[PDB]
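[1] Experimental coordinates for this protein are included below, preceded by the sequence.
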Amino acid sequence: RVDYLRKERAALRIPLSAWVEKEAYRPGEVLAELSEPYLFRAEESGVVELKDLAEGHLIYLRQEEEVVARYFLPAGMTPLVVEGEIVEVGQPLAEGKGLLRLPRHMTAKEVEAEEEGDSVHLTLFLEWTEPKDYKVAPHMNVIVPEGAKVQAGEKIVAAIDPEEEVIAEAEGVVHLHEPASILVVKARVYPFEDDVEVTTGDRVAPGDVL
């Protein structure tokens with residue numbers, strides 16, 4: 001199981017009168033408090049990809065293959081459009097009703113925003129977790145430990161086949177689940193940070209440097 005940290009820059013328009021002004025929102029934080037309901041309108045046109053995210057929503061808008069917009073609709077703002085709609089500049093994308101919070105797992109960082117008459121345009125650098133499970137067939141050698149910070153482009157699991165190969169899709173903590181066997185050693189474990197002094201199989205006594 002790899003708990004990839006997914007990252008996305010998306011936008012949201014909301015009325016000043018309702019926006020809670022911050023430079024960052026933590027999974028649950030009160031983004032905006034709307035009195036009267038708000039119809040969030042599409043600021044560009046294209047074919048709509050709906051991204052279902054725990055409790056929040058991410059709209060992607062594609063003209064041809066070039067994504068033209070990325071729209072973020074928080075909690076308490078539910079979609080109006082569906083996978084494959086064609087949307088025109090000003091079509092109500094979602095209806096925001098009451099209080100508007102970040103999802104259970106979504107952090108908003110570095111929210112840059114423009115102030116505009118009565119409306120606010122926020123562009124939010126978003127972060128959340130999307131755990132993917134992976135197959136490991138006998139002739140696949142794990143090359144990473146459990147609980148490992150791993151980078152975009154890192155061979156996690158190796159194989160004699162390039163198609164079978166596993167690469168870490170992005171920044172993600174790697175976990176080890178369901179071991180074909182557990183192995184219990186009467187040993188004593190001594191973690192280290194830089195260079196080791198002692199070779200494997202060696203004889204070692206109380207006080208012997210490791």
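    Received it, and whenever you're ready, just let me know what you need. Numbering: from 1, shown residues only.
[2] can you pull the contacts of the nearest residue to residue 136 once chain neighbours are set aside?
    The shortest distance from residue 136 to any non-neighbouring residue, by Cβ to Cβ, 6 or more residues apart in numbering, is to residue 157 (6.2 Å). (C-beta placed from N, C-alpha, C; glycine too.) The contact partners of residue 157, by Cβ atoms under 8 Å, 6 or more residues apart in numbering, come to 134, 136, 140-144, 165-166.
[3] if you set the cut-off to 10 Å instead, what comes out?
    2, 134-137, 140-144, 164-168, 174 (Cβ atoms under 10 Å, 6 or more residues apart in numbering).
[4] Who does it form a beta bridge with?
    residue 142 (DSSP bridges).
[5] again, but for the one 10 residues further on
    Partner residues in beta bridges with residue 167: residue 155, with DSSP bridges as the criterion.
[6] likewise the one 5 residues further on?
    Taking DSSP bridges as the rule, residue 172 bridges to residue 4, residue 150.
[7] State the distance from it to residue 180.
    From residue 172 across to residue 180, the span is 23 Å (Cβ to Cβ, to the nearest Å).
[8] who has more neighbours, these two?
    In terms of neighbours (other Cβ atoms under 10 Å), residue 172 is the more surrounded of residue 172 and residue 180; the figures are 24 against 6.
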